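This report refers to the structure that appears directly beneath it.
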There are 4 protein chains.
Amino acid sequence: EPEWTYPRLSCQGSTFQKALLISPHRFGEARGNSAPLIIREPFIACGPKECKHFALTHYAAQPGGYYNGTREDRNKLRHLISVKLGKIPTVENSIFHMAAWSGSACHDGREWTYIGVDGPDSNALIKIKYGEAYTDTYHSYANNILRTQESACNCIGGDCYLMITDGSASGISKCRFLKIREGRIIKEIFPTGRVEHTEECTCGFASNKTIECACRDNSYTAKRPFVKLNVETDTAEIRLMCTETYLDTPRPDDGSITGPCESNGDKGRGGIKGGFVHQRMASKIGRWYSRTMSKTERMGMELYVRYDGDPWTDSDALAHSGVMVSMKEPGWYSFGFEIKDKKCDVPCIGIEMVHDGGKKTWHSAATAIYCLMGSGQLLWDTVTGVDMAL
Amino acid sequence: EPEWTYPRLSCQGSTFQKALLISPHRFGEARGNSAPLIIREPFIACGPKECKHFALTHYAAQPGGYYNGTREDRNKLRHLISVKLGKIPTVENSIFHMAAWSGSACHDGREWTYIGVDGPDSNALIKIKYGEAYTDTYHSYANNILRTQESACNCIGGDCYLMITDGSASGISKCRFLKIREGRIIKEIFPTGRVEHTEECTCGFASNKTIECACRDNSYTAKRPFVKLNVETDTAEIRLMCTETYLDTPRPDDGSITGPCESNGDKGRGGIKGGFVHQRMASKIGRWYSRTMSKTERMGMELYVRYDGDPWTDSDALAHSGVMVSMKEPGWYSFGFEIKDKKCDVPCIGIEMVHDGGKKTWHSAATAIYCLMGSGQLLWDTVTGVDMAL
Amino acid sequence: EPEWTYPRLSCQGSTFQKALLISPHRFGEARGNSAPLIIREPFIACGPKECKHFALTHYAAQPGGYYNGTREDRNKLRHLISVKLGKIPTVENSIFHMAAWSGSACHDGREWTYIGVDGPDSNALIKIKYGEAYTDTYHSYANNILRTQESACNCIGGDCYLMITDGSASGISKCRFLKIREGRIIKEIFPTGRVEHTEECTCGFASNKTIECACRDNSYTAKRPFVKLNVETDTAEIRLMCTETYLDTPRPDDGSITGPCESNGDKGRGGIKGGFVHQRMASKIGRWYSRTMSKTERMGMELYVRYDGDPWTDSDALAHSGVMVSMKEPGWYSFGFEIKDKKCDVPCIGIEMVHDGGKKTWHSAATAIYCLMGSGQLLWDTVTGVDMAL
Amino acid sequence: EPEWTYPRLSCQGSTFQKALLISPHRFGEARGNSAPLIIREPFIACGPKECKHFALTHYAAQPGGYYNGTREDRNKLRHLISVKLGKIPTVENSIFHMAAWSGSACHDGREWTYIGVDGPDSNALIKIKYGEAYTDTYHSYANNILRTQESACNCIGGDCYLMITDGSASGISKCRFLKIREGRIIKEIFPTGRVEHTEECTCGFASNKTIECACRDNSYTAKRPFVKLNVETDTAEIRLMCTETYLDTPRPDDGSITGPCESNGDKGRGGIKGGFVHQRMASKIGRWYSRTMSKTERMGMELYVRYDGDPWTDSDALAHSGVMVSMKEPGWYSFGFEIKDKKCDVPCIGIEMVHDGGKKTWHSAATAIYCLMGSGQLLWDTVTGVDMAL
Ligand SMILES: *[C@@H]1O[C@H](CO)[C@@H](O)[C@H](O)[C@H]1NC(C)=O
Ligand SMILES: *[C@@H]1O[C@H](CO)[C@@H](O)[C@H](O)[C@H]1NC(C)=O
Ligand SMILES: *[C@@H]1O[C@H](CO)[C@@H](O)[C@H](O)[C@H]1NC(C)=O
Ligand SMILES: *[C@@H]1O[C@H](CO)[C@@H](O)[C@H](O)[C@H]1NC(C)=O
Ligand SMILES: [Ca+2]
Ligand SMILES: [Ca+2]
Ligand SMILES: [Ca+2]
Ligand SMILES: [Ca+2]
Ligand SMILES: [Ca+2]
């Protein structure tokens with residue numbers, strides 16, 4: 001059969017560069033003839049030959065008549081959809097995989113696993129699909145919006161790992177990791193460490209033994225919870241990132257949080273899912289991260305790297321590597337993913353750029369992608385080009 | 001070349017969950033830009049790698065100008081169409097297979113068999129297509145609307161079995177089974193037993209030896225005719241379901257039909273096609289059924305199960321397993337189908353949710369799917385989200 | 001490589017039955033959201049696994065703004081297009097093969113040959129395409145609208161035969177047959193016999209040694225020129241069909257043409273391309289033909305068969321086998337084609353049903369298909385269901 | 001795995017004929033229902049089985065609201081898109097490959113290499129994609145609009161060659177060639193000879209040893225820079241075409257530039273990308289060229305040929321071979337490409353036909369194709385048929 005996927009060394013390169021904008025609403029004018037779906041929480045996951053661009057649709061198109069409610073997050077109509085990366089996600093181009101108001105997906109080398117959560121807030125359900133077949137579920141353990149990554153899960157040797165979490169958005173949300181093989185949960189992993197609130201983890205492989213994730217604390221800190229999951233022992237520990245370049249939004253000024261690495265700090269309440277991807281070299285590991293340019297709003301997006309060290313203990317600033325989205329443009333969730341080239345993996349970050357005109361009109365998103373490419377420095381930014389009044 | 005398909009044991013699970021909603025008219029607004037087809041009698045059938053979503057279209061789209069007559073069942077324009085399950089059935093996504101105002105289709109492991117009936121009421125015709133080729137036909141034997149299942153036919157080892165019936169909707173309709181191999185009828189099966197009215201059979205494999213069907217008696221009873229068809233001797237016998245949980249609509253109160261299992265009881269006139277699917281375990285058989293929440297109108301839909309026993313002799317109430325569609329939402333025809341996972345089969349029930357605003361506007365349907373998935377209880381219901389005035 | 005196609009015995013059956021309507025303009029309402037192409041001269045040709053539905057488009061859609069000129073036949077914008085049979089031929093579904101105002105195509109078992117004619121009236125050009133590649137041309141020999149079949153060419157052992165003709169529409173048009181192998185003309189065949197006007201031949205295989213064609217005489221007779229082409233010697237002879245059931249339109253009453261078989265008769269001027277397909281049995285040959293129900297207008301379409309005999313000498317009436325299109329509906333060009341089933345060939349006739357509101361509005365066509373299917377008699381007719389004012 | 005592609009001998013033929021018109025804006029009427037993309041700089045490139053039709057879109061459709069700015073060349077929204085040749089480039093049919101305001105692409109027998117340039121004018125960037133993976137980049141060396149061919153690159157044995165140039169449009173632009181293997185630049189080639197301005201090279205194989213290109217000098221001359229690139233030593237030399245039939249636009253009268261082949265002459269300022277393709281015979285090489293009918297405006301397009309000789313030293317007029325587009329119709333960029341028949345290659349020229357109504361309306365283009373086909377003379381011209389007011 002195809003053989004199972006493993007992380008490989010990254011393809012050679014030393015800077016990210018603007019790769020692709022998928023801006024569906026450039027075609028949603030009332031006088032045009034297209035039907036872009038109203039979506040949010042996009043992410044991309046790739047298998048050996050193709051990438052799919054996933055998103056959670058409110059099951060409505062622009063132009064159209066169901067804009068009411070599209071700023072909400074959870075309802076009975078939200079579905080996980082995909083298009084091949086490079087296609088515009090329209091009513092006809094999209095595949096509707098399952099009813100879901102939170103999702104993830106990943107390819108294990110042989111088939112796609114799709115993950116979606118739906119159900120009532122106090123009783124939600126993780127649903128897993130392997131190809132066409134619905135294969136397994138996992139129940140709410142804290143009865144308060146069980147939810148998952150909004151980005152790719154990660155498979156190695158056929159075993160796929162997924163972050164899930166449950167609990168109060170302004171309180172405790174202890175995450176768990178599920179180990180999934182061919183659509184079935186074969187193991188629950190309970191992390192150790194600083195565990196009081198971890199959600200929306202962006203995970204990737206640091207090597208064949210470790211998955212690392214930069215996550216969101218929506219309650220206590222502007223530092224990101226950082227998971228190190230050991231794949232050989234199936235154990236996870238979590239501690240806060242110690243860098244002075246806080247990656248959450250909102251956040252205080254860099255370096256202003258005093259005290260040891262684990263200090264929570266100020267402006268911890270609220271948050272945003274953040275980009276994180278690995279560049280695996282033979283002797284050195286690059287960790288690439290994105291954060292909004294505004295400290296308090298979802299506006300702009302800048303790139304940072306750091307090679308080696310230990311995220312849990314290094315307080316050093318990350319090196320700024322370029323403006324992907326200017327302050328003038330929306331920069332909402334971001335996520336990492338890898339494209340498989342013939343012999344190496346290409347790290348990328350994608351950026352959700354939400355068109356927000358509030359609760360009175362449609363609410364949806366463009367997706368911008370930056371990937372490691374060549375050398376020198378990052379050269380250009382992304383605008384969505386959308387005028388919401390059309 | 002590909003192996004012939006056989007029924008396998010079902011995948012492990014003990015409850016159904018909400019899987020997917022295909023709701024094409026969420027895109028039919030007169031200010032939108034899409035073309036969902038006007039359809040009724042949807043059903044799904046899967047082969048080893050893919051499922052197709054079939055329906056009978058009135059060869060008209062919403063928005064459009066051909067709404068008049070779309071509530072009627074039989075005319076010269078209806079066609080059997082399909083899209084791959086997960087795509088929205090629009091003008092451009094659909095394949096028009098054949099002219100048909102009643103249909104069925106199944107995959108046998110190597111190719112699709114499509115069945116459609118058309119012709120005048122008094123002298124209609126079963127036409128069979130195998131892949132691209134029209135291959136055989138079967139004539140009306142009672143000259144009163146020859147018609148078939150409106151759901152998947154069933155193949156084992158290259159032989160596909162199909163219910164057909166012919167006769168008065170208010171009187172006698174004796175059904176027959178056809179055994180089809182590579183598109184050509186190789187056998188006609190004349191059932192024994194209680195045969196005065198059987199139509200719209202939903203059938204599946206209880207084992208490699210027996211096909212069972214839960215059917216509609218439109219004249220005499222609210223108990224469903226239940227068929228046991230022995231695939232080895234090609235013989236079939238029919239008797240009424242004895243359970244006090246009557247599955248047809250309209251129906252009397254549960255348990256009010258006194259007398260032996262064969263008493264017809266009251267409010268037998270009228271009916272609805274009902275969902276039915278098997279969960280085949282090594283030692284036991286679960287039979288899952290659906291019926292409307294309302295006793296008299298096509299509103300709501302609830303799930304029921306029974307393990308083992310004999311449907312012909314057990315008067316026991318069936319075990320309620322969850323509300324799939326509430327009473328505020330339409331619940332019209334339902335059907336069972338099975339998805340092929342790698343090593344086991346997944347049972348699902350599909351539900352036609354008709355948007356009915358009477359004869360003065362368009363008339364068409366959404367399809368909701370629930371599949372056996374994990375354990376626990378069924379968690380969420382389905383709404384179409386469609387406003388017919390848009 | 002795939003092996004070359006040969007004609008096989010026909011699949012068993014004894015009557016034609018309504019198979020499929022492709023009516024694109026059921027979706028062309030000004031208030032709808034679709035783009036059916038404006039087309040005419042449809043035909044279908046099949047290879048081993050699929051059929052394509054071809055047509056000559058005026059390169060315009062309904063609704064739209066280029067209806068002027070769509071009743072003309074020849075201009076600089078007409079193109080040969082195809083969709084997979086069963087799809088609606090819309091702007092997005094269609095493939096544009098080449099610029100052409102007359103066409104043909106056929107599959108030889110390994111690849112598609114496409115044929116289109118364009119160029120000035122007095123100097124037109126046959127262009128041949130094998131797959132994606134343009135491989136050959138043939139020049140006008142009589143300088144007066146070189147043109148070809150408007151239906152499938154026919155391949156045997158890799159050699160594909162095509163009728164072409166050139167000359168006055170109200171005078172002499174001597175046809176030629178080209179023998180084409182992998183897109184290149186390897187032989188010209190000059191027929192013998194009654195040769196003064198032959199155009200729009202509908203050809204098929206009577207066996208592995210003979211191609212027969214029922215053609216159109218636009219100038220001198222309402223009888224059809226009937227070609228017998230010997231594939232082993234690459235020679236052709238033509239004589240008029242002698243049956244009293246004249247197949248052209250316009251035509252005089254049946255049997256009213258006196259004198260020997262080759263007598264031209266009355267009302268010979270004008271004509272229509274006609275359906276003709278073979279049913280090859282081991283000991284008997286059925287020839288199936290269609291003609292309009294009106295003797296003078298393109299309205300209605302009826303089926304006729306005759307088994308064996310010799311079309312050149314038998315004066316016997318053909319046996320009427322059913323009304324495919326009532327007098328009330330358009331019946332314009334018709335054509336034959338065969339669908340390949342696993343072990344036998346299925347004969348069909350398709351009917352162009354043109355929506356004609358004259359020169360002041362759009363002009364386009366639905367395609368109706370009838371195929372040999374089962375036994376008994378033909379049961380239902382086809383309406384397009386199109387209201388041209390919408 | 002698939003063999004690497006090499007240039008073969010051309011298929012037999014001696015004249016070009018009209019092959020195909022892709023005219024997407026025949027469907028762009030505000031009362032229609034389609035979404036053709038607004039595009040400029042189309043080109044076509046073929047691999048062994050399929051050709052793709054590429055263009056640079058402004059990420060806007062007709063009808064729509066983003067027409068302003070669609071006449072400008074470089075901005076943050078332009079993307080390289082493709083559709084399979086023969087499909088209309090709409091919103092739903094196109095694949096968005098990468099952000100790019102200048103592009104090229106070629107197939108090497110195993111995979112597609114896509115090249116796009118974006119970034120600010122003073123510091124732009126060549127980005128290369130091989131299949132789905134972003135693989136390499138090349139920096140600006142003269143900091144004045146680094147840019148590439150706007151037509152197919154050329155691969156032999158897995159090595160693909162690409163012209164790039166950087167420099168002032170009014171002065172010096174020294175071009176370079178990149179040698180790319182599986183998406184990564186393995187060699188930079190610095191030409192010799194007359195190198196002061198070479199841009200928009202149309203290149204193809206004269207043999208397995210030489211790539212030749214006919215290019216644009218936008219500052220000094222109306223004679224085209226003509227490149228001979230020796231693929232074995234990876235060296236290139238450039239000299240002006242000596243023919244009195246000057247191929248650029250604007251141009252002086254044919255033969256009015258006196259002096260040696262290298263004299264620049266008059267009306268050198270300005271230019272246009274020109275068509276050029278090879279017909280490789282066993283003993284002789286035909287070089288086919290296109291140029292506008294107008295000497296000063298981008299109207300019309302005519303074909304010219306010359307067999308053998310040396311383009312650098314032959315002052316001979318080229319042989320006129322037919323009017324592909326009359327003077328009433330737009331003739332803007334043109335390019336050559338080759339289709340792969342089974343055993344030989346077919347040369348074609350494509351012509352961009354821009355609908356230009358100035359900066360106050362949409363600006364986009366149709367693509368017309370002429371291919372070597374049979375013998376005789378070129379018979380018909382091409383019109384777009386588009387009314388910009390619709
Ligand atoms: C991971 O393991 C596989 C072998 O199991 C190996 O091919 C691959 O290179 C390893 N990945 C990395 C980054 O070391
Ligand atoms: C049915 O038979 C096939 C082989 O004939 C077997 O592999 C399959 O497991 C059997 N199914 C059941 C339900 O026993
Ligand atoms: C035609 O010839 C081939 C063998 O070359 C044979 O297989 C086929 O049956 C023949 N067709 C008919 C109708 O005899
Ligand atoms: C080029 O080389 C290939 C093999 O390397 C050969 O098959 C082909 O015919 C050659 N082409 C030309 C134009 O000589
Ligand atoms: Ca926070
Ligand atoms: Ca479409
Ligand atoms: Ca009943
Ligand atoms: Ca005539
Ligand atoms: Ca110039």
Side-chain angles (χ1 to χ4, degrees), chain A residues 1-11 20 22 41-56 80-87 89 94-98 100 103-116 126-136 148-164 177-186 201-205 208 211 213 229 231 277-278 280 335-350 367 369 371, chain B residues 49-50 84 86 339 341-342, chain D residues 111 131-134:
Chain A
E1 348 73 324
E3 69 165 328
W4 298 118
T5 252
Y6 290 79
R8 301 179 295 175
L9 292 186
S10 298
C11 302
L20 223 210
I22 297 300
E41 294 87 27
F43 61 95
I44 299 167
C46 301
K49 334 284 197 152
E50 63 165 311
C51 301
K52 281 180 181 175
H53 177 187
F54 297 87
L56 258 21
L80 177 67
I81 58 89
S82 60
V83 281
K84 189 212 176 209
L85 172 63
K87 304 296 293 168
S94 298
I95 309 281
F96 285 64
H97 297 280
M98 73 173 94
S104 185
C106 46
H107 189 276
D108 64 16
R110 298 183 179 175
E111 181 59 90
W112 285 94
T113 299
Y114 307 95
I115 320 270
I126 290 280
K127 297 181 298 204
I128 300 153
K129 194 178 180 193
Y130 195 52
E132 294 304 304
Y134 294 89
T135 53
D136 213 351
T148 183
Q149 301 182 197
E150 319 310 353
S151 55
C153 35
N154 288 91
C155 310
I156 169 146
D159 287 322
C160 294
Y161 296 82
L162 177 73
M163 181 227 75
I164 56 165
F177 279 78
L178 299 186
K179 188 187 192 187
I180 290 153
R181 194 168 176 88
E182 298 178 300
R184 280 154 186 108
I185 294 157
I186 56 177
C201 287
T202 302
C203 307
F205 283 105
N208 276 316
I211 292 184
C213 307
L229 189 178
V231 138
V277 71
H278 298 94
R280 300 174 221 103
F335 52 86
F337 64 98
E338 295 177 60
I339 303 185
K340 300 293 195 155
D341 178 20
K342 307 309 182 227
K343 295 153 201 65
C344 61
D345 299 348
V346 177
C348 303
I349 281 174
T367 303
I369 293 121
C371 298
Chain B
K49 316 294 183 304
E50 185 230 330
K84 169 189 181 150
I339 300 181
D341 186 17
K342 278 38 167 75
Chain D
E111 181 57 277
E132 291 308 300
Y134 294 94

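In what follows, chains carry the letters A, B, and so on, assigned in the order in which the sequence lines appear, proteins first and then strands, with residues in each chain numbered from 1. Values reported hereafter were calculated over all heavy atoms of this structure, with side chains retained and with hydrogens, waters and symmetry mates removed.
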For residues 44-55 of chain A, tabulate all N or O donor-acceptor pairs below 3.5 Å that involve a side-chain atom, not counting sequence neighbours.
{"residue": "A/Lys52", "atom": "NZ", "partner": "A/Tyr114", "partner atom": "OH", "Å": "2.9"}
{"residue": "A/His53", "atom": "NE2", "partner": "A/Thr367", "partner atom": "OG1", "Å": "3.1"}

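- Between the side chains of A/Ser10 and A/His278, no donor-acceptor pair of N or O atoms lies under 3.5 Å.
- Judged by distance alone, with hydrogens and angles left aside, the side-chain atoms of A/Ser82 form no donor-acceptor pair with the main-chain N or O of A/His97 at under 3.5 Å.
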Review point. Given the rule in the salt bridge (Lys or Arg N to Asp or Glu O under 4.0 Å) test, do D/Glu111 and A/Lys342 qualify, once you have shown the distances and angles that lead to the verdict?
Key: CA-CA 11 Å; D/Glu111 181 57 277; A/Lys342 307 309 182 227; 3.3 Å; yes
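- Residues A/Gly336 and A/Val277 share a closest heavy-atom pair of CA-CB, 4.1 Å.
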Tell me, with the steps shown, if A/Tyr161 and A/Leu229 meet side-chain contact (heavy atoms from CB on, under 4.5 Å). CA-CA 9 Å; A/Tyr161 296 82; A/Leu229 189 178; 4.0 Å; yes
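- The closest donor-acceptor contact from the side chain of A/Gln149 to the backbone of A/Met163 lies under 3.5 Å.
- By the salt bridge (charged side-chain N to carboxylate O under 4.0 Å, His left out) test, A/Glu132 pairs with no residue at all, sequence neighbours left out.
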Practice prompt. Given side-chain contact (heavy atoms from CB on, under 4.5 Å), test A/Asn208 with A/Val231 step by step and report yes or no.
Written response: CA-CA 8 Å; A/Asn208 276 316; A/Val231 138; over 6 Å; no
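- For A/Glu150, there are no salt bridge (charged side-chain N to carboxylate O under 4.0 Å, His left out) partners, not counting sequence neighbours.
- Scanning all heavy atoms of the two residues, the minimum distance from A/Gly157 to A/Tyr6 falls at CA-OH, 3.3 Å.
- Applying the side chain to side chain contact (heavy atoms under 4.5 Å, CB included) rule to A/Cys213 yields the partners A/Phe177, A/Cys201, A/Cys203, A/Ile211, A/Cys215, A/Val227; only residues at least two apart in sequence or on another chain are considered.
- Considering only residues two or more places apart in sequence or on other chains, A/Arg184 meets the side chain to side chain contact (heavy atoms under 4.5 Å, CB included) condition with A/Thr135, A/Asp136, B/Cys11, B/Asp341, B/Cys344.
- The CG atom of A/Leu20 lies 4.5 Å from the CD1 atom of A/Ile369; values are rounded to the nearest 0.5 Å.
- When every heavy atom of A/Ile115 is checked against every heavy atom of A/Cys153, the shortest pair comes out as CG1-SG, 4.5 Å.
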Open item on the list: If you apply the rule side-chain contact (heavy atoms from CB on, under 4.5 Å), what do you find for A/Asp159 with A/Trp4, and how did you get there?
Closed with: CA-CA 9 Å; A/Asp159 287 322; A/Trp4 298 118; over 6 Å; no
Under the side-chain contact (heavy atoms from CB on, under 4.5 Å) criterion, do A/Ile349 and A/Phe335 qualify, and how do the steps go? CA-CA 6 Å; A/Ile349 281 174; A/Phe335 52 86; over 6 Å; no
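- When all heavy atoms are compared, the tightest approach of A/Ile339 to D/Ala133 is CG2-CA, 3.8 Å.
- To the nearest 0.5 Å, atom OG1 of residue A/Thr5 and atom CG of residue A/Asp345 are 8.0 Å apart.
- In this structure, A/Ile180 and A/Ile186 have side chains that are not in contact, with every pair of non-hydrogen atoms separated by 4.5 Å or more.
- A donor-acceptor contact shorter than 3.5 Å is absent between the side chain of A/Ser151 and the backbone of A/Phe43.
- In this structure, A/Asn154 and A/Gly204 approach most closely via the heavy-atom pair ND2-CA, 3.6 Å.
- Between atom NZ of residue A/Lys129 and atom OH of residue A/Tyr134 there is a gap of 3.5 Å, rounded to the nearest 0.5 Å.
- Residues A/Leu162 and A/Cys160 are not in side-chain contact: their nearest non-hydrogen atoms beyond the backbone lie 4.5 Å or more apart.
- Residues A/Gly183 and A/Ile128 come closest through the heavy atom pair O-CG2, 3.6 Å.
- In this structure A/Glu3 satisfies the salt bridge (charged side-chain N to carboxylate O under 4.0 Å, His left out) test with no other residue, sequence neighbours excluded.
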(message) I'd like to know whether A/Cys106 forms a disulfide (SG to SG under 2.5 Å) with A/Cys155, so could you lay out the CA-CA distance, the side-chain angles of the two residues, the decisive distance to 0.1 Å, and finally the verdict.
(response) CA-CA 7 Å; A/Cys106 46; A/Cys155 310; 3.4 Å; no
Under the salt bridge (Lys or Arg N to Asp or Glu O under 4.0 Å) criterion, do A/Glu338 and A/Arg8 qualify, and how do the steps go? CA-CA 10 Å; A/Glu338 295 177 60; A/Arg8 301 179 295 175; over 6 Å; no
